[PDB]
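To start, the structure itself, in structure tokens.
Derivation of every value follows stated rules applied to the coordinates shown; laboratory data play no part. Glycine gets a Cβ as well: all are built from the backbone with ideal geometry, and neighbour counts include every protein chain shown.
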Amino acid sequence: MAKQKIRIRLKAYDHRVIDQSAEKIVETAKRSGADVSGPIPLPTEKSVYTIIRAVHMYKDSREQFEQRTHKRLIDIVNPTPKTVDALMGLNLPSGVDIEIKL
Amino acid sequence: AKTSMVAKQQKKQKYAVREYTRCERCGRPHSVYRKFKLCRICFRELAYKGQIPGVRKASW
Amino acid sequence: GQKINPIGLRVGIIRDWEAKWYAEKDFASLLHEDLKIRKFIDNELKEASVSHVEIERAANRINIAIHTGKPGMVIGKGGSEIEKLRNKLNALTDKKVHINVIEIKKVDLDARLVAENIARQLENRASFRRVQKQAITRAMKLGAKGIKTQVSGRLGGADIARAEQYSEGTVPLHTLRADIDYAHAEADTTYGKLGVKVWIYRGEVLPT
Amino acid sequence: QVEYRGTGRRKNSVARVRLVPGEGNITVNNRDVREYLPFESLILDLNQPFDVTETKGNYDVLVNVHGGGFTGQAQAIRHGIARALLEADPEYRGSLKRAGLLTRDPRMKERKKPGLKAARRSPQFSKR
Amino acid sequence: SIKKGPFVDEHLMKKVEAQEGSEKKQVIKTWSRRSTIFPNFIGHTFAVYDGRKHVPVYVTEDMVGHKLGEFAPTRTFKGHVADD
Amino acid sequence: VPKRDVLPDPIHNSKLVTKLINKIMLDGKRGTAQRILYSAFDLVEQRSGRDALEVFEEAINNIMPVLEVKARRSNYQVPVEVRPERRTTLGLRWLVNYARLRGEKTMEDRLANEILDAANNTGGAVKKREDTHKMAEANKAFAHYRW
RNA sequence: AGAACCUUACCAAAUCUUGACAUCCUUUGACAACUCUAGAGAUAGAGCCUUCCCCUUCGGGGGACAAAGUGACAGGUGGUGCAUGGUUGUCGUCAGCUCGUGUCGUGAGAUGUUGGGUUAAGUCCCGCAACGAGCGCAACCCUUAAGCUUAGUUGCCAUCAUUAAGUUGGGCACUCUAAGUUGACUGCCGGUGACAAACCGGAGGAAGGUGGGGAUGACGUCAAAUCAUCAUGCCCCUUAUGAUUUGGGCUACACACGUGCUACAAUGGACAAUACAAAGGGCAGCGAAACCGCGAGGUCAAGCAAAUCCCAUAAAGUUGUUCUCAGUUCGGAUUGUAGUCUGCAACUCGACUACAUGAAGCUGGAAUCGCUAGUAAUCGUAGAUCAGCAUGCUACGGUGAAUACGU
């Protein structure tokens, strides 16, 4: 669908750090403008790594692992160079992976 | 031995794959992941350390 | 089994990682970047006796901080040393850094420091027992709810290996809100090798 | 006119039931009940709500649904029905809760752990 | 099999060209695993390295059903007491 | 430890059908037993014109043990009444298990023959009844003065 | 959690000595590549050009090269797991095991932790020369069952219009997605019970007596396993117990053993139509459409770093036609031929399709294992390891039961 817009994606591994950071960049988004979109969730993909507790043998007693990956989705309408600075001004803390986009 | 096999899998090769992708620090080839290039035990005993991201564990 | 380390259990809830950076799925470049950091620090550890170093990593930079009981070893007199270490680091890290020393507080109650210490007295052939009783004793003055302290191997540089432990106070272990400082060590004198397994418990707290 | 609406959850499925007053004639996904179930002639059990509650019946029905086999979602049908008949009048709960049909059956599949393989069988011992 | 098409290791051909256009041998050395028969290689006496010591085999015209890649296995009697 | 019932089945209207189909369901294919049974209650009425409940209910009385044994200890064994749950469970259990043992090629002929012969007090179901009720309630003298 | 080579440790052959490789001193130097020759490669034999790049005032300094000397050296899948660290099974998630103070006893030891009652639980009350503490069970955390708020794209389309189609206008009502919080705790009622603990039943609610599950594994035991993940004491090898390479074998074959697959057919077999998932992976990788070919596959190239697009039809099932009990249109082994892809090359030893073959076998003896409800039984899907290769492993859902008299 056609519209003037900003959109980004975040990624990190902790719902608290990611959602407080979302509170930052939403606050600063509408700080310098309007028409923000909230911190829209995403399915939060996962992984798995099954390993045997072992050195030599005894495969029956296996072990697992995983790496959750939050995903967050934000949009803004009516761009301007100021909310740009709200994007590239504050990501902090920096376990996040921002990819500023249009 | 394992020491010259480090050199084996390090050098140039005649073609694409006579290779094996073994663990950086542990000299074990088997039971290795491409994502990390760490062997079986070593990823685990480091996984406990709270070093690599991340949780780990027990939700599946 | 049999037992495990708590740190891979308490992690996910009540401790962040010792290493942090962007995934992008390319880990190996950056994790095995971290791996050499994890090597070289030994040549500070030998003089410093540090607890743990973090690696935060923003986009274009690196930011770490080493937890010590001995700052003066690493800071240099008036900064003579950490710049030198940046120089010997950039040669292999091949990228910039802001190495930023951190002090850990109630400074010597910590685990890897103290485990390292008792190992140190076992390096010069101290008898085993006084090490452990004095460990727990000073620990209890400094404030704590309970400690365990262990050794393994051939004691007194002697016949077939054994293991003991002199714990005091409550050491809540199978619970899940503890925030305990587990560590481990090694030491050789003449016969095999001697490790330990320190533990503590110092009150219940979350990272938020 | 007016209709009522409650969901249906069971057995890794999801049903969005739309309860419209009518004679009773049902087309899930714009498709009749017979046209959706193999074989199946246990359909009167989806009309078990209509025998005990809104006796004898009936209301026409619309619904959309996906996920899980035919059974678990055929019985995901029931819960938005009972809930919706209680949206109408809480009168009907007393004969429902002495029959159930509303407690969204919490049971479903179970993870594995070593012993189970390509089909669900746990292992043997080494004899002789 | 083959992805279109037949082939040779192309050290074999380079040898046996000079061996063959002129008078031939009763004897050859080789490794001959990445390679095979086709009409240039008949009559000459190749010897695949069996693992211990290459054995002379003389090619025959009819070696279309059999090939060069192997003639005398590494198993070599048997390994077992009984037989076929 | 209680039973966790099966509700009705309205084809043809009764519940013993409901308990029946589940035993025939070899390897979890409930529609096949559903079909062949329901057709069995078409054909049993077709041949020997009568009601499905006449042949079915009457047979599963005729093949239904009411006295029975159990062992314990030398080799003694108590004669024992059958609970109504196990009563029908045995009727249907041995019913299908021998209905197999006829040996026809057809889905329903074997059954209609089975319960329509049982309803005539013939067939190995009835013979099983007579054997169990033979060894039972003939040696009652020794094992009866107990639970 | 991937044996053509590689891996691979083992064998034959040609090969090497600070060596395959790492640090140190000298000695230099930024580094190198393409062809010929000989060779199976390893290699060298020659052309050719690696070329003081960061800093120089003629030297120099440096990451980094260098061939040679080269003593310290290096290396050992070389032995001892009954010398060790570390790591892991097992008794067993069995419910227990221990310490202080004090008492008794000549003492070893006992006392607590015993008895009554009670529990899945050394769980808990009461009583008692015993009082307290710890480790342990429980919780504490993840996941699951319902609801409330928040947020609405790639998700959804209820109101409507439009459409191959939610594809787009519009919408966030519902579903959903992931975040915050409510709830279940003998907790409310009734009886029983030493009034107490606790047991039994009643309501409510989505969910009642640890609600299902997971993770978690006491003191210790088996001188249990591993020196071959690694680390390491001792001992041993060194012009070879170290090294490079080609080929080979780790996959043999009179036999037994164990694990698992498909069969011994009418709930069945062949053909045709037809509906319902969940979860997970894809950047030098997913391979859409269309085209060729019987087929594996091939051309071709759109979209795709992902709620977008591809993997990816889900299969079982349901409806139909035929089959009418045969070693059969049962089964699907073995063999020959013709072909597809990957890799250099599929000969030992890859996988795959097409044709033909058409094995043993018609429910299993003596003995024997699994399992108490989303379980067994049963169908298919995804992934890791990965140039190619999983009947195995892990997770994913689909259909879905009988019995539990009783100790």
_Longest segment of chain E lacking chymotrypsin sites (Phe, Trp or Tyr not before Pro) that sit in a DSSP loop with at most 14 other Cβ atoms within 10 Å_ = E:50-76
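Using +1 on the beta carbon of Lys and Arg, -1 on that of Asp and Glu, and nothing else charged, what's the dipole of region C:16-105 about the Cα centre, debye to 20?
240 debye
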*For region F:133-147 and region D:38-62, distance of Cα centres in Å*: 51 Å
*Taking amide hydrogens as modeled 1.01 Å from N in the peptide plane, which residues meet the under 5 Å criterion relative to C:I55, leaving out close sequence neighbours?*
C:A19, C:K20
*In what sequence do C:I118, C:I102 fall when counting other Cβ within 10 Å, fewest first?*
C:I102, C:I118
*What is the spin-label model distance, in nm, from D:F125 to D:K56 if the labels are put 7 Å beyond Cα along the C-beta direction?*
6.1 nm
*Leaving out same-chain residues fewer than 8 places away, which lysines sit with a Cα under 18 Å from that of A:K82?*
A:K5, A:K24, A:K30, A:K101
*Any idea what the relative contact order of chain C is, in percent, if you count C-alpha pairs under 8 Å spaced at least 6 apart?*
19 percent
*Once Rh is set to the Kirkwood radius over Cα pairs, what Stokes-Einstein translational diffusion coefficient, in µm²/s, holds for region C:1-146 at a temperature of 4 °C and a viscosity of 1.567 mPa s?*
74 µm²/s
*asked:* Given R₀ = 56 Å, what would the calculated FRET efficiency be for A:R31 paired with B:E45, taking r from the Cβ atoms and rounding to 0.05?
replied: 0.75
*asked:* With +1 on the Cβ of every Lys and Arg and -1 on the Cβ of every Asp and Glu, and nothing else charged, how large is the dipole of the protein assembly as shown about its Cα centre, in debye rounded to the nearest 20?
replied: 2700 debye
*Treat each spin label as a single point 7 Å out from the Cα along the C-beta direction, and report the F:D5 to E:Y58 distance in nm.*
9.5 nm
*Give a residue-ordered list of calculated ³J(HN,Hα) values for region D:98-109 (Karplus: 6.51 cos²θ - 1.76 cosθ + 1.60, θ = phi - 60°; whole Hz; x for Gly, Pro).*
7, 10, x, 6, 10, 7, 4, 3, x, 7, 7, 4
*To the nearest 0.05, what FRET efficiency results for C:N90 and A:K5 with a Förster distance of 56 Å applied to their C-beta separation?*
0.85
*Pick out, from C:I41, F:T132, C:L173, the residue whose Cα sits farthest towards the positive end of the charge dipole of the protein assembly as shown, with +1 on the Cβ of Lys and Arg and -1 on the Cβ of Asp and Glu.*
C:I41
*Any chance you could give the angle, 0 to 90 degrees and rounded to 10, that helix A:15-31 forms with the longest Cα principal axis of chain A?*
10 degrees
*Dipole magnitude of chain C, debye to nearest 20 (Cβ charges: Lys/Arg +1, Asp/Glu -1, about Cα centre)*: 440 debye
*Hey, for a label at F:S39 modelled as a point 7 Å past Cα toward Cβ, could you say which residues of region F:87-115 have their backbone N under 15 Å away?*
F:104-113
*asked:* Please report the spacing between the Cα centers of region C:172-197 and region F:98-117 in Å, no decimals.
replied: 73 Å
*Rounded to the nearest 0.05, what FRET efficiency do F:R50 and D:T71 have when you use their Cβ-Cβ distance and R0 = 45 Å?*
0.85
*Let me see the pair-distance distribution of the protein assembly as shown: every alpha carbon pair, 10 Å bin width, integer percents in order.*
2, 8, 11, 13, 13, 13, 14, 14, 8, 2, 0, 0
*Determine the sum of side-chain charges near D:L19: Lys and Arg each +1, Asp and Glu each -1, restricted to other residues whose C-beta is under 9 angstrom from that of D:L19.*
-1
_Excluding same-chain pairs closer than 8 in sequence, count the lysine pairs in chain F whose Cα atoms lie under 18 Å apart._
8
*Using the structure shown, select from C:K36/C:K84; C:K20/C:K95; B:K2/B:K49 the pairs with a Cα to Cα distance greater than 19 angstrom.*
B:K2/B:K49
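By DSSP, what percent of the beta bridges with both residues in region C:16-105 are antiparallel, rounded to the nearest 5? Spell out each step's value before the answer.
On the way: 4 of 9 bridges.
If I count the DSSP bridges inside region C:16-105, around 45 percent turn out antiparallel.
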*Please compute P(r) over all alpha-carbon pairs of region C:49-116, binned at 10 Å starting from zero, and give each bin as a whole-number percent.*
19, 47, 29, 5
_Please list, by residue number, every one of the GluC sites (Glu not before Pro) in region D:82-126 that is coil in DSSP and has at most 14 other beta-carbon atoms within 10 Å._
D:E110
*Which percent, nearest 5, of DSSP beta bridges in the protein assembly as shown are antiparallel?*
85 percent
*For region A:1-84, run through the trypsin sites (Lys or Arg not before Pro) and keep only the ones in DSSP coil with at most 11 other Cβ atoms within 10 Å of their Cβ.*
A:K3, A:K46, A:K59
*Report the net charge of residues surrounding C:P71, where surrounding means a beta-carbon distance below 14 angstrom and charges are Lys +1, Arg +1, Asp -1, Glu -1.*
-2
*Which Rg and Dmax, in Å, describe the Cα atoms of chain E?*
14.3, 48
*At most 12 other Cβ atoms within 10 Å and a DSSP loop assignment: could you name the GluC sites (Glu not before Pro) in region A:16-84 that fit?*
A:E45
_Principal-axis tilt of helix D:77-88 within chain D, Cα atoms, nearest 10 degrees_ = 30 degrees
*asked:* Taking the alpha-carbon distance from A:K59 and a cut-off under 18 Å, which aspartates and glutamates remain once sequence neighbours fewer than 8 residues away in the same chain are dropped?
replied: B:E45
_Projected area averaged over orientations for region D:1-127, convex hull of C-alpha atoms, nm²_ = 10.7 nm²
*For a paramagnetic label modelled at 7 Å from the Cα of A:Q20 toward its Cβ, which residues of region A:64-102 fall within the zone defined by backbone nitrogen distances under 19 Å?*
A:70-72, A:89-98
*So for B:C26, B:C39, fewest C-beta neighbours within 10 Å to most, what's the order?*
B:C26, B:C39
_Amide hydrogen neighbours beyond the local backbone of D:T53, cut-off 5 Å, H modeled_ = none
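Give me the net charge of A:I52's neighbourhood, meaning all other residues with Cβ under 12 Å from the Cβ of A:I52; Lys, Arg count +1, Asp, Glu -1.
+3
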*asked:* Could you tell me how far the Cα centroid of region C:1-39 sits from the Cα centroid of region E:23-84, in Å?
replied: 57 Å
